[PDB]
């Protein structure tokens, strides 16, 4: 069972942990908390930032994670190489998954852009398969857009 999220109100809340703020790490840290507090059936939510051509672990809510993820590898790395959101129903069956993806049963990764350049990703993992659907995708991408506008 997955309790629904009121994404409509969540987007307004997100605007508050983003508005008037210009310290990116602080924005990402608070956003990881906001999402964790409002998404049921997830075991990890956070960000990875693109640096020196590889994803580097950023703020998150959950257990310790891998720090380095190569572009094109893993669910997160594939989101960057594909330059599009990845909605994975079964990570174990995801072509390109890596050991670092081990504790994720299903997952959604949204690329974050700035000046047409991917600067990182929003990554949300779940302890069960098929956690995310098209609706979750639409609302989470909208929330990422709010983050992008603030970082722009």
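Positions refer to the first chain, counted from 1.
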item: Higher-scoring stretch by recorded Cα B factor average, 138 to 146 or 12 to 20; value: 12 to 20
item: Higher-B stretch (mean Cα B-factor, as the entry records it), 63 to 71 or 87 to 95; value: 87 to 95
item: Out of 30, 106, 36, 52, highest CA B-factor residue; value: 52
item: Chain thirds of CA B-factor: placement of residue 40; value: middle
item: Ranked against its chain, the third holding the CA B-factor of residue 102; value: middle
